[PDB]
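In what follows, a structure is listed as structure tokens, so that the remarks can point back to it.
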Amino acid sequence: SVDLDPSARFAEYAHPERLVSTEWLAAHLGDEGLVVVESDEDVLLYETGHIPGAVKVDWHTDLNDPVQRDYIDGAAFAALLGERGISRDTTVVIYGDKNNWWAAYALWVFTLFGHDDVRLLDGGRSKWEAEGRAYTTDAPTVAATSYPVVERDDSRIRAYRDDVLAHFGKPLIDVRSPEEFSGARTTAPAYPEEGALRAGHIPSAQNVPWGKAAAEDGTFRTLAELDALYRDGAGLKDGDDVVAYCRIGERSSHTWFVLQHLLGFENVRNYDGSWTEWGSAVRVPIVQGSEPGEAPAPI
Amino acid sequence: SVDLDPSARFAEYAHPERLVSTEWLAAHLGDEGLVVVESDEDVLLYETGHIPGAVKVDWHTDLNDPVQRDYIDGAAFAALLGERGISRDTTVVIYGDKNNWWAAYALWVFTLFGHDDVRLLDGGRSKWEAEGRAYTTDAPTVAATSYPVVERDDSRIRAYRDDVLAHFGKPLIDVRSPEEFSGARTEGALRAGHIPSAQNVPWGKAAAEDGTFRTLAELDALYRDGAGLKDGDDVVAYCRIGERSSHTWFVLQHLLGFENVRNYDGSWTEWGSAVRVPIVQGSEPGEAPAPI
């Protein structure tokens, strides 16, 4: 069994059991019941050096249905975690590049499958590296485990296009850049498969670029800073059913994490379809400019 | 009134009233009640030379909602046709580049607004030029007419995503390239493949070398023999966008006379980026899953 990180820094958050410090992790490496998972946008980083004993999840190959636009099923999840020495009761700590952007995404997927003890290493690769902590290129050399086949739950933390169309009048957070938000750009040149034939945002969406929730050192900002950003800045109130979206669900998972686990909103869903779906969908309401715009009637 | 082209070639088709020959148009140009409309994928061709008296429709600016992914509404359509001197009773002959690929699309849009008498110039720009017939580079000075505001009808010849999800068990025609249908290409999406159970009939197979629609015999082999379509079949066609599947809609509705033909305009650009819609790969149709 694997204890919580009692660090004072985390106790102000709604779900302090969802974070650990680099100092805590350095002291727990190799402990029975703990698996450390690297999850990056840039999958090649793991091979340049990883936290010792860490395994890797590759978002290109491991987490998507290979044919359909959907995440893997319970059978594919069970085989992925078993190969990595992960059992149902294992404490998983996930860390990654770009201030745990893809780390939160892996945690979201684990949560679709109802894995209870899943935590982020606050600050990811960047704080581990700034502190001069060790990486290896040694394999985890992992003994296989049996993980149960569970049915994926898309009810609680996931939204589809019809839930979004139905959601108008309820808070909507767009986590893309202001240029994307207004309709000046759609994608990156590195990801042309993440553009769309229309530019803009979902009408009544508040723009909160996801990176605003991360400090320079890549740690999650304080409760006071987050409260400023989402409650004062974006108008969120207790009891609010919140939907977050980006270009794809991978990139709005960090904001879901922030709202579900740090600010403690009960009802937070990631609209994974995001702008790639919305901007290519026939007859969905789109607005342009830096104005959120008026909520239309629920469709 | 504007006479039907009695040409034997067209009389074997289900709706011979939907086609005119270059010979007919040359003999009927400038006749009262006839407006000729150029509709091209390459909109700049019009200024290089156009049939005398012909007006232009520009798919970049004239036919799409500027904000939403949708076609214009009745008020926009009335304004467009009014400006071009088209009345509700006007006979409209549409022609253009790429074997009337986009002419078929314009006719589709006119039919959404229920314009009765719309015809294609069999063989379009390519057969007019090949025959050495006259072009002007004059824009054709036009007196505006009043066109009525009618509600666009999306029911009869248009299909939405949820119509296609509900369609499995009934025929789908995918009009994209073999290398798009297999999922070794993709106006792309992030996913590659085709809709399971869809028969690949690349849209150009229905056109002859000279740009004209193939004989009823040749179409029957393509769509009945090749793709297994039977009388009373409810058919949906799709491409990457609805603009590019309108030609095959035209073939099935007007030439083979299928009663129920719908253009799924969302096409692969929507399908290939929709969350959790069925997709299969390789040159095989695949089997129909249960209607969703």
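Here, A, B, ... name the chains of the structure tokens in the order displayed, residue numbers run from 1 inside each chain, and ligands are numbered from 1 in the same displayed order.
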Please provide as a ChimeraX atom specification all residues within 10 Å of residue 247 in chain A, with the sequence filter that same-chain residues fewer than 5 positions apart are discarded (counting only C-alpha atoms).
/A:174-176,180,186-187,194-196,252,271-279
Show me, as JSON lines, the residues of chain B having an atom within 8 Å of chain A, each with the closest atom pair and its distance in Å, using only C-alpha atoms.
{"residue": "B:67", "atom": "CA", "partner": "A:286", "partner_atom": "CA", "distance": 6.5}
{"residue": "B:68", "atom": "CA", "partner": "A:283", "partner_atom": "CA", "distance": 5.9}
{"residue": "B:69", "atom": "CA", "partner": "A:282", "partner_atom": "CA", "distance": 5.0}
{"residue": "B:70", "atom": "CA", "partner": "A:283", "partner_atom": "CA", "distance": 5.6}
{"residue": "B:160", "atom": "CA", "partner": "A:282", "partner_atom": "CA", "distance": 7.8}
{"residue": "B:187", "atom": "CA", "partner": "A:197", "partner_atom": "CA", "distance": 7.3}
{"residue": "B:188", "atom": "CA", "partner": "A:193", "partner_atom": "CA", "distance": 7.3}
{"residue": "B:189", "atom": "CA", "partner": "A:193", "partner_atom": "CA", "distance": 6.1}
{"residue": "B:190", "atom": "CA", "partner": "A:193", "partner_atom": "CA", "distance": 4.7}
{"residue": "B:191", "atom": "CA", "partner": "A:69", "partner_atom": "CA", "distance": 7.0}
{"residue": "B:192", "atom": "CA", "partner": "A:67", "partner_atom": "CA", "distance": 7.9}
{"residue": "B:266", "atom": "CA", "partner": "A:282", "partner_atom": "CA", "distance": 6.0}
{"residue": "B:269", "atom": "CA", "partner": "A:280", "partner_atom": "CA", "distance": 6.3}
{"residue": "B:270", "atom": "CA", "partner": "A:280", "partner_atom": "CA", "distance": 5.1}
{"residue": "B:272", "atom": "CA", "partner": "A:69", "partner_atom": "CA", "distance": 7.8}
{"residue": "B:273", "atom": "CA", "partner": "A:277", "partner_atom": "CA", "distance": 5.3}
{"residue": "B:274", "atom": "CA", "partner": "A:277", "partner_atom": "CA", "distance": 5.5}
{"residue": "B:275", "atom": "CA", "partner": "A:69", "partner_atom": "CA", "distance": 5.1}
{"residue": "B:276", "atom": "CA", "partner": "A:69", "partner_atom": "CA", "distance": 5.3}
{"residue": "B:277", "atom": "CA", "partner": "A:68", "partner_atom": "CA", "distance": 6.6}
{"residue": "B:278", "atom": "CA", "partner": "A:68", "partner_atom": "CA", "distance": 6.3}
{"residue": "B:279", "atom": "CA", "partner": "A:68", "partner_atom": "CA", "distance": 5.8}
{"residue": "B:280", "atom": "CA", "partner": "A:67", "partner_atom": "CA", "distance": 6.9}
{"residue": "B:281", "atom": "CA", "partner": "A:67", "partner_atom": "CA", "distance": 7.9}
Using DSSP secondary structure from the backbone, list all strand (DSSP E or B) positions within range 177-268 of chain A, as a PyMOL selection string.
chain A and resi 201+206-207+214+220+242-245+268
If we count only C-alpha atoms, what is near residue 1 in chain A at a cut-off of 12 Å, once residues fewer than 4 positions away on the same chain are taken out, given as a VMD selection string?
chain A and resid 28 31 to 35 87 to 92 117
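One distance worth recording is that between CA of residue 130 in chain B and CA of residue 252 in chain B, which is 27.1 Å.
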Quick check, in Å to one decimal: how far apart do CA of residue 212 in chain B and CA of residue 195 in chain B lie?
28.9 Å
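Atom pair CA of residue 174 in chain B / CA of residue 202 in chain B has a distance of 7.2 Å (rounded to one decimal).
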Between B:24, B:59, B:95, B:46, which residue has the minimum interatomic distance to residue 139 in chain B, considering only C-alpha atoms?
B:46
Given only C-alpha atoms as the counted atoms, nearest of B:112, B:44, B:55, B:251 to residue 141 in chain B
B:55
Please provide as a ChimeraX atom specification all residues within 12 Å of residue 138 in chain B, with the sequence filter that same-chain residues fewer than 2 positions apart are discarded (counting only C-alpha atoms).
/B:46-55,135-136,140-142
Please determine, counting only C-alpha atoms, which residue among A:81, A:93, A:36, A:226 has the shortest atom-to-atom distance to residue 214 in chain A.
A:226
